[PDB]
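*Asks:* Line by line, the protein sequences give chains A and B.
In short: position in the first sequence from 1, add 154, done, that's the numbering used here.
In short: position in the second sequence from 1, add 154, done, that's the numbering used here.
Following this message is one structure expressed as C-alpha cells.
There are 2 protein chains.
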Amino acid sequence: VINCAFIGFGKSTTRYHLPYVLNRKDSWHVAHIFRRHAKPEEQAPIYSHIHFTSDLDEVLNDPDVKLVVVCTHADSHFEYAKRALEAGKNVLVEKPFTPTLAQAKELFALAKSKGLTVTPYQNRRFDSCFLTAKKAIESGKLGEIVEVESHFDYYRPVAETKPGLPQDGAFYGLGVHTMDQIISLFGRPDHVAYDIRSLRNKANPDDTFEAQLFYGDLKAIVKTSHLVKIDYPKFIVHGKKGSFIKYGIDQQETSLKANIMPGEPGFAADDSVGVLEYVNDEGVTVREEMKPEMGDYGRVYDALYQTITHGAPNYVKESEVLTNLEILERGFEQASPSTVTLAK
Amino acid sequence: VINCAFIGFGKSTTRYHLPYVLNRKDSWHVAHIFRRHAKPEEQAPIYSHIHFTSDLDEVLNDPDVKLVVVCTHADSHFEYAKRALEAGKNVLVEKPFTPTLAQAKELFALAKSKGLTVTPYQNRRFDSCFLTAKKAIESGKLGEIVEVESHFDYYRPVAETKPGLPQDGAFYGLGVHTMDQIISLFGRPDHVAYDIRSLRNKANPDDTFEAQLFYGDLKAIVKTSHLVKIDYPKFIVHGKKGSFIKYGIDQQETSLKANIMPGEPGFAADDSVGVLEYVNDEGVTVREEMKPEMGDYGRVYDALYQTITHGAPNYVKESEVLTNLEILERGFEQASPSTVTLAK
Numbered sequence: 155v156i157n158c159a160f161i162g163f164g165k166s167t168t169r170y171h172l173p174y175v176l177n178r179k180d181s182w183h184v185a186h187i188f189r190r191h192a193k194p195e196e197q198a199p200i201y202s203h204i205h206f207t208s209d210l211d212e213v214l215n216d217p218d219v220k221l222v223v224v225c226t227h228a229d230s231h232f233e234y235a236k237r238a239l240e241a242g243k244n245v246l247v248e249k250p251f252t253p254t255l256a257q258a259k260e261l262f263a264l265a266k267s268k269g270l271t272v273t274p275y276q277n278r279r280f281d282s283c284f285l286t287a288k289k290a291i292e293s294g295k296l297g298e299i300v301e302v303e304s305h306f307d308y309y310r311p312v313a314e315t316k317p318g319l320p321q322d323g324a325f326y327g328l329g330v331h332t333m334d335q336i337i338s339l340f341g342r343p344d345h346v347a348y349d350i351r352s353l354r355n356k357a358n359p360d361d362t363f364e365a366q367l368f369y370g371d372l373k374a375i376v377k378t379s380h381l382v383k384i385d386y387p388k389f390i391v392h393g394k395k396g397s398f399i400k401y402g403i404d405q406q407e408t409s410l411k412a413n414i415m416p417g418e419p420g421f422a423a424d425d426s427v428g429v430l431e432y433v434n435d436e437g438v439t440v441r442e443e444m445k446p447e448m449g450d451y452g453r454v455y456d457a458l459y460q461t462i463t464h465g466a467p468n469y470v471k472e473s474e475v476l477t478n479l480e481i482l483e484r485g486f487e488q489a490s491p492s493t494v495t496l497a498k
Numbered sequence: 155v156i157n158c159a160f161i162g163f164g165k166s167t168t169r170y171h172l173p174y175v176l177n178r179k180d181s182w183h184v185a186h187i188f189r190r191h192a193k194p195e196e197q198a199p200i201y202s203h204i205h206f207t208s209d210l211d212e213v214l215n216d217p218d219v220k221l222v223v224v225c226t227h228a229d230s231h232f233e234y235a236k237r238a239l240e241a242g243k244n245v246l247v248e249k250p251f252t253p254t255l256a257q258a259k260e261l262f263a264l265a266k267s268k269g270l271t272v273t274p275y276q277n278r279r280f281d282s283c284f285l286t287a288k289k290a291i292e293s294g295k296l297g298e299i300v301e302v303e304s305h306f307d308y309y310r311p312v313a314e315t316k317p318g319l320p321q322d323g324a325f326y327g328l329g330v331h332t333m334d335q336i337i338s339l340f341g342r343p344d345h346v347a348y349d350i351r352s353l354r355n356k357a358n359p360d361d362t363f364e365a366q367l368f369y370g371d372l373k374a375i376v377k378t379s380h381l382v383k384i385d386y387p388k389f390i391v392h393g394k395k396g397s398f399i400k401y402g403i404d405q406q407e408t409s410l411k412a413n414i415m416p417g418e419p420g421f422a423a424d425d426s427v428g429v430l431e432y433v434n435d436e437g438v439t440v441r442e443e444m445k446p447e448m449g450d451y452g453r454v455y456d457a458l459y460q461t462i463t464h465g466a467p468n469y470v471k472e473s474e475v476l477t478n479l480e481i482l483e484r485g486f487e488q489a490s491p492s493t494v495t496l497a498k
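Structural data, given as C-alpha cells:
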C-alpha cells in the first residue's frame, strides 16, 4: 500500500479524488490532508482515518508518504510541486501543471534528478465518451483517419465580470483536457490554427475557442463555447472507410454532483451509444451501435501505483505535457485568428 | 416577355437553366442557343421553339435579345461575357465568373459604362436549406449570431488520378457557392482561415476544405469533404439566445436528376425540417420545427426580369462577387493551413 497526501481539501479533492482513492484501500492510504479553513464535510466518518493538518511541514517530512497530490489554487501549484520534490516525494498536480512552459521543464528536471515522478492529473483520458472514440479509432473499421472533432460546450450566456490572464480563459481551462486527449492519440502536430475570443463579457479572458491540430493530412479539431443551446456530438471521427459519431459526455461527474459515489448503484449511468458506419472488407456498408466504454478516473491512481511500485512508465508522457503547454502559449503569439507551425 | 440566349448547350444549360426558364414562358423566351457543335439533346420536343446555331454573331446581333447566359467552359467565360457586353447585352455567367479578380473588375467596369448588368449565377441563394437558415437568422429569435457552419459533403472514396491546378479543386468548385451564401448574409469578412487538402488521391487538386470567415466576433465556417460517411447537419447557427440546426440539402437537384421538372407534382419534395431551440423574452426555452422554405433556382431569372425591366438592383452585389473571387485566390497564396486579413 502506498501512503499518499493531499495538499488542499477543496471541492476538487472531495469530489474528483477521494471518492476514487478511498475506494482503493488495499493499494492507497490517505495519510495526510493539508489545508487551512475546514469544512463541515470533515466531520464525516469516511475521513475518520485521515490526519488533517494545517502545517505542510508534517506532511513533507513524513518518510512514509510516497505521493503528494496538489489540489490547491492554480497560483500555488508550482511552488508546492517543487517543495514536494525536494522532500523526495512523487507529485500529481491538478490543472494547471504550471503557469508557463518553462516552469514545466523546470519541474520535470528536478524530478528526473531525484529520479521521481511529477505529472499532471489528466483524468479525462478515462472518460467513457473518449474511450469509446479511442476504441473506434483502434478498431481499424474507419480506415485511415482524416478528421477528428471534439466538443466541450455549455449554454451559460451570463458571465459575471472577472478579468484575468490567458491562463484564466477557456482555452487553458478546458482546452488543456480536450487537447491532451488528441495529443494522447496522435502525438505532436505539425501546425496549429487558432480561433480564440471573448463573447459573453468583453472584460473577461476568452470563453470561446477552436484549435485545429494538423498531423500530416489528418486534422484534429478541439472546440468549446459557452453559447451552445443545441449540443454538437461529443466526438466525431471520419476515416477513409467510415465515420464514428458519439453524443453525450462521460457521466462520472454528473453522478458525483448528484452525490453518487464510484461503485455505488447507478454510477455513471449512461444511455447513449456511439454510432459507427463503415464499409467492411467485402465492400458492404455496415452500421453498428457501440455500448459506451466504461470510464474510471480512478485509473489515474492505478497507473500511479504501477509507476511508483514497479517503475512502470508514467501514464502521461513528458512530451505530451510540454506539447500541450506549448500549443496553449503559442495561441497568444498574435491576435486571433492565427496559424503556427510547431518547430520541435 | 424578355428574349434571352444561351452560349453553351451542355448539362448545366439543360439541367439548371432550361427547366426553370421554360417554366416562365410568360416572362422569358429563349430565342437562341449557341453551341460549337450540334448536340443530340436539341431534338427534344421541349426545345422545338428554340433556334440552335453555331454562329455567335446571329445571336449577339439579334435586337430583341436582352440577356445572354454564358454556360461554356470556364476558360471562355471572360471572353464571351465581354463580347456580349460590347454587343449591348446584359450577361449572366455560370461559375466561375472569371478566372481572376482583375478580369471580374474589368467586366463590371465595362458593364457600368454601358448601363448593362453582368452577374454570376448564384442559384444556391435559393436553396431551401439555406433559405430556412436565413429565415432563422433574420427572425431575431437566436439573438446575436456568433457562429454559422455550412457543410457540403459526400462519401466518394475513389478518385481516379487526374492532375490539375487550384482552379480544378473542390474549393473553387463548391466553395464558390457555399461561401457566396455566407457573403450574401454577412458581407466582406475581416479575416479568413484556410485549410485546403487533397486526401483521396495526392496527385489531384484539393477535395477537402474548410474556410473560416470572421466578421468581428462572428465566425462563419464553410467546409466540404468527399470522405464523410455519416453526414453533418447541412447548417448550424448559434446565437446568444439559441440555436438552429438543419439536416438535409435542397432537393431540386435530386428531383432534376430523377427526371422530375419544376412545377411537376413532387418536385423537390422535402421531408426534413429546421430545428430551433431558443430562450424567449420571458426566459422560457422554446422549441420550434420549421418547414423548409421552398427553393427555386428560377428566382434568379425573376430577379433579372425586375432588374432589366424595372431597374431593380441586381440580386447579387458587385462587392459580394469580388470578395468571393479574392477569398478563393488568396486560399492558395501560401501553403495550407493559413490565415489572411482582407483589406476589402
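We put the beta carbon where it would ideally sit given N, CA and C, even for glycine.
#1: Is A/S492 close to chain B, meaning its C-beta is less than 9 Å from at least one C-beta of that chain?
#2: Give the straight-line distance between the Cα atoms of A/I384 and B/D211, rounded to the nearest whole angstrom.
#3: Using a C-beta cutoff of 9 Å, does B/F486 count as contacting chain A?
#4: From A/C225 to A/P250, what distance separates their C-alpha atoms?
#5: Please tell me whether A/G393 has its Cβ less than 9 Å away from any Cβ of chain B.
#6: For a cutoff of 9 Å on Cβ pairs, would you count B/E364 as touching chain D?
#7: Mind checking who A/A365 pairs with in its DSSP beta bridge?
#8: Identify the residues that DSSP records as bridge partners of A/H392: which are they?
#9: Tell me the rounded alpha-carbon separation between A/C283 and A/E407.
#10: Smallest Cα separation from B/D334: which of B/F232, B/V222 and B/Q276?
#11: Which parts of the segment 437-462 of chain B are runs of the beta strand (DSSP E), unbroken and 3 residues or longer, counting only runs that do not cross its ends?
#12: Would you kindly work out how many angstroms separate the C-alpha atoms of A/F163 and A/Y234, rounded to a whole number?
#13: Which chain A residues are close to B/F368, counting only those with a beta carbon under 7 Å from its beta carbon?
#14: Counting only the same chain and skipping the five closest in sequence on each side, list residues whose C-beta sits under 7 Å from that of A/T168.
#15: Taking only three categories from DSSP, how would you classify A/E431?
#16: When the Cα atoms are used, what is the spatial distance from B/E301 to B/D361?
#17: Listed in chain order, which residues of the segment 320-354 of chain A have Cβ atoms closer than 7 Å to some Cβ of chain B?
#18: Against chain B, does A/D371 count as a neighbour if the rule is that its beta carbon must be under 9 Å from one of theirs?
#19: Classify A/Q488: buried if its beta carbon has 16 or more other beta carbons within 10 angstroms, exposed otherwise.
#20: Have a look at A/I299 and A/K394 and give me their C-alpha separation to the nearest angstrom.
#21: Of the choices B/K266, B/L255, B/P311 and B/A374, whose alpha-carbon is the least far from that of B/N244?
#22: Going by CA-CA distance only, name the one from A/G402, A/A357 and A/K373 that's closest to A/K316.
#23: Between the beta-carbon of A/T271 and the beta-carbon of A/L479, is there less than 9 Å?
#24: Given that A/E431 touches chain B, what residues does it touch there, using C-beta distances under 7 Å?
#25: Would A/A347 pass as a contact of A/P467 if the rule is Cβ separation under 9 Å?
#26: Taking the beta strand (DSSP E) that A/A185 belongs to, which residues open and close that run?
#27: Please list the partners that A/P311 has in chain B, where partner means a Cβ-to-Cβ separation under 9 Å.
#28: Using a Cβ cut-off of 9 Å (strictly closer), state whether B/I390 contacts chain A.
#29: Leaving aside the five residues before and after A/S208 along the sequence, list all residues of the same chain whose C-beta is less than 8 Å from its C-beta, in chain order.
#30: Using alpha carbons as the reference points, say which of A/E443, A/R354 and A/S379 lies closest to A/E364.
#31: Check the Cβ of A/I291 against every Cβ in chain B and list those closer than 7 Å, keeping chain order.
#32: Could you check whether the Cβ of A/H186 sits closer than 8 Å to any heavy atom belonging to the ligand NAD?
#33: Could you give the distance in angstroms between the alpha-carbon of B/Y451 and the alpha-carbon of B/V382?
#34: Does the segment 285-295 of chain A come into contact with the segment 439-447 of chain A, if we say contact requires no fewer than three beta-carbon pairs (one atom in each stretch) closer than 8 Å?
#35: For the 8 Å Cβ check, are there 3 or more pairs between the segment 216-223 of chain A and the segment 176-187 of chain A?
*Replies:* Considering the structure as presented:
#1: Here residue 492 of chain A corresponds to residue number 338 of the first sequence, with the count starting at 1. Interface residue, yes.
#2: Here residue 384 of chain A is taken as the residue at index 230 of the first sequence, counted from 1. Here residue 211 of chain B is taken as the residue at index 57 of the second sequence, counted from 1. Distance between the alpha carbons of A/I384 and B/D211 is about 57 Å.
#3: The residue labelled residue 486 of chain B in the question sits at position 332 within the second sequence. Taking Cβ atoms only, chain A never reaches closer than 9 Å to B/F486, which makes this a no.
#4: Along the first sequence, read from residue 1 onward, the residue named residue 225 of chain A stands at position 71. Along the first sequence, read from residue 1 onward, the residue named residue 250 of chain A stands at position 96. Distance between the alpha carbons of A/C225 and A/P250 is about 10 Å.
#5: Locating residue 393 of chain A in the first sequence gives position 239, where the first residue counts as 1. Interface residue, yes.
#6: Absence of chain D from the displayed structure is noted, the protein chains being A and B.
#7: Your numbering for residue 365 of chain A matches position 211 in the first sequence. A/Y348 and A/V376, per the DSSP bridge assignment.
#8: The residue labelled residue 392 of chain A in the question sits at position 238 within the first sequence. Answer is A/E301 and A/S397.
#9: By 1-based counting over the first sequence, the position of residue 283 of chain A is 129. By 1-based counting over the first sequence, the position of residue 407 of chain A is 253. Looking at the two C-alpha atoms, the distance is approximately 13 Å.
#10: Here residue 334 of chain B corresponds to residue number 180 of the second sequence, with the count starting at 1. Of the listed residues, the one whose Cα sits closest to B/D334 is B/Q276.
#11: 439-444
#12: For the purposes of this step, residue 163 of chain A is identified with residue 9 of the first sequence, where counting begins at 1. For the purposes of this step, residue 234 of chain A is identified with residue 80 of the first sequence, where counting begins at 1. When rounded, the distance between both Cα atoms is 14 Å.
#13: Within the second sequence, numbered from 1, the residue matching residue 368 of chain B stands at position 214. Going along chain A in sequence order, the residues near B/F368 (Cβ under 7 Å) are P491.
#14: In the first sequence, counting from the first residue as 1, residue 168 of chain A sits at position 14. The answer, listed in chain order, is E195.
#15: Stepping through the first sequence from its first residue, residue 431 of chain A is reached at position 277. Three-state DSSP puts A/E431 in a strand.
#16: Residue mapping note: residue 301 of chain B aligns to position 147 of the second sequence, counting from 1. Residue mapping note: residue 361 of chain B aligns to position 207 of the second sequence, counting from 1. Here the alpha carbon of B/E301 sits roughly 24 Å from the alpha carbon of B/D361.
#17: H345, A347, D349, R351 and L353
#18: Position 217 of the first sequence, counted from the first residue, corresponds to residue 371 of chain A. For A/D371, the answer is yes, since a Cβ of chain B falls inside 9 Å of its Cβ.
#19: Reading the first sequence from its first residue, position 334 is the one you call residue 488 of chain A. Looking at its Cβ environment, which holds fewer than 16 other Cβ atoms inside 10 Å, A/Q488 is exposed.
#20: As a first step, residue 299 of chain A must be located in the first sequence, where it is residue number 145. As a first step, residue 394 of chain A must be located in the first sequence, where it is residue number 240. About 7 Å.
#21: Within the second sequence, numbered from 1, the residue matching residue 244 of chain B stands at position 90. Minimum Cα distance to B/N244 is reached at B/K266.
#22: Counting from 1 along the first sequence, the entry for residue 316 of chain A is found at position 162. Among A/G402, A/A357 and A/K373, the Cα nearest to that of A/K316 is on A/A357.
#23: Position 117 of the first sequence holds residue 271 of chain A. Position 325 of the first sequence holds residue 479 of chain A. Against a cut-off of 9 Å, the Cβ pair of A/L479 and A/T271 comes out as no contact.
#24: Your numbering for residue 431 of chain A matches position 277 in the first sequence. Chain B residues near A/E431: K383 and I384.
#25: Within the first sequence, residue 347 of chain A is the residue found at index 193, counting from 1. Within the first sequence, residue 467 of chain A is the residue found at index 313, counting from 1. No.
#26: On the first sequence, residue 185 of chain A is found 31 positions in, with the first residue counted as 1. Taken as a continuous stretch (DSSP letters only), the beta strand (DSSP E) holding A/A185 covers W182 to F188.
#27: By 1-based counting over the first sequence, the position of residue 311 of chain A is 157. Residues of chain B passing the Cβ test: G297, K394, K395 and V433.
#28: The residue you call residue 390 of chain B lines up with position 236 of the second sequence. So, interface residue.
#29: Here residue 208 of chain A refers to the residue found at position 54 when the first sequence is read from its first residue. Cβ neighbours of A/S208 within its own chain (closer than 8 Å, five residues either side excluded): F188, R189 and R190.
#30: For the purposes of this step, residue 364 of chain A is taken as residue 210 along the first sequence, with counting starting at 1. If we check each option's Cα against that of A/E364, A/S379 comes out closest.
#31: Position 137 of the first sequence holds residue 291 of chain A. Residues of chain B passing the Cβ test: none, with the nearest at roughly 14 Å.
#32: Of the ligands one can find in the structure shown there are none, so the ligand NAD has no counterpart to examine.
#33: Here the question's residue 451 of chain B lines up with position 297 in the second sequence. Here the question's residue 382 of chain B lines up with position 228 in the second sequence. Straight-line Cα distance between these residues: approximately 27 Å.
#34: yes
#35: yes
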